[PDB]
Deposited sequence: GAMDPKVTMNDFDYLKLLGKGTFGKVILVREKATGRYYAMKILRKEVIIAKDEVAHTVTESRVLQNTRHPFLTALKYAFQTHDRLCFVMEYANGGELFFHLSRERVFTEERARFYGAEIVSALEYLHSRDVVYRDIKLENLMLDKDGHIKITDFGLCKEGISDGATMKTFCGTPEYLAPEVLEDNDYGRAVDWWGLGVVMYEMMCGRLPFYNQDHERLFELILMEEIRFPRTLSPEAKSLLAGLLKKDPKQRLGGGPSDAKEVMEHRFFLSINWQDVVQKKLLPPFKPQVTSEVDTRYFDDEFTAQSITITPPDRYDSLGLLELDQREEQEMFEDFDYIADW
């Protein structure tokens, strides 16, 4: 069994309405982890129990190099705690914001790891639904880690559909902005937006007003920098096709279609999951508590129904 007192609480890494993520050290081992702490009373009051349960189930039942892994889960009378592997490289959002744009080769590396993770999730009948820069982290070696599984839908195989209006506004697929149901191709739209951001340095569609933002997503044609390679233009046009049936990855073979795109001609998809490729960037931390790839906004801040939640990993 594991409790709150089994850990040192070092630094705030991230924060939302429904929880905080703290860098912790397990006292007995000296190992560092990221602990997500939620308030039961808030989760219950605001009807976030289903999302929290889904997040728990996905974490408990997935194992993939490019998905955040759960070490322990436990609870108290008023709190739920996920102890996850710590990604010391921060969010892809941090890095892209600093660099403005990635090379196509660097974008291809991250893109391949994301495709691998999405292929894996789809193979487990899970649709992720919230691909975005803030939910993609870099681990200590520079590999992608997908985070934030609360918006996943489980039990979606083949062309099964979903109804919930959810995601992140800027990343919503056009079909999600129509009435009725949508399928797993929404994840390839999401990949398209992040790939577009990585190679073009901006969102493909943006307005501060959601009504106008949603009009752009539904109605506006994407634009490309003149100098983007033809293969990059082709990939982005394919992933950001508005009709999910015409979208790259939208057909019956799903991730296969994306993997076979000429943009990824140089990728050995078997090497990808085995982590044989040297990543394009390794976080240059000087210690395990060096939080330089997290915003000072968080790290400076001082720190002072659920039946099947508890979990201890077999690793």
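For this chain, the deposited residues without C-alpha positions form the stretches 1-5, 310-331, given in sequence order.
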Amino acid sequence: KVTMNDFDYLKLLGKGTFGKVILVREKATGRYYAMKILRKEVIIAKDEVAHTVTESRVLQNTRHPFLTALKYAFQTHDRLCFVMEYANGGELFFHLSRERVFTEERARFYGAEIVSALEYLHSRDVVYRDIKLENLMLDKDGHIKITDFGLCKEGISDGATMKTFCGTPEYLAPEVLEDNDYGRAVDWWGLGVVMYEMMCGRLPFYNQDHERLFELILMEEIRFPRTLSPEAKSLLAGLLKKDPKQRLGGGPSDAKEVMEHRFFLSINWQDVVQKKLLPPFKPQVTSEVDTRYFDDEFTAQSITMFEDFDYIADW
From here on, numbers count along this sequence of modelled residues.
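Take the two forms, superpose them, and find the largest set of C-alpha atoms that agree within 1.5 Å; that set is the rigid core.
The segment moving more, judged by mean Cα distance from this form in 9 other deposited structures of this protein after a core overlay, is 71-79 among 224-232 and 71-79. Superposition on the core shows that, in 9 other deposited structures of this protein, the C-alpha atoms drift more in one of 283-291 and 244-252; this is 283-291.
In the comparison with other entries of the same protein, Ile114 is given coordinates in all of those covering both sides of it, so it never reaches the one-third threshold. In at least a third of the other PDB entries of this protein that model the residues around it, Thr52 has no coordinates. Stretches 29-37 and 271-279 differ in mean CA B factor, with 271-279 having the higher one. With 124-132 and 218-226 compared on mean CA B-factor from the PDB entry, the stretch scoring higher is 218-226.
Per the deposited record, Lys163 carries the highest C-alpha B-factor of all listed residues (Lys163, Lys140, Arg108, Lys145). Highest CA B-factor among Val42, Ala255, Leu70, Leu67, as stated in the entry: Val42. In this PDB entry, the Cα temperature factor of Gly251 sits in the top third of its chain's modelled residues, the highest group. Among all modelled residues in its chain, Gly150 ranks in the middle third by Cα B-factor. Looking at the C-alpha B-factors along this chain, the one for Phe74 belongs to the highest third.
The PDB entry assigns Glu104 a C-alpha temperature factor belonging to the middle third of its chain's modelled residues. Ranked by Cα temperature factor within the chain, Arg184 sits in the middle third according to the deposited record.
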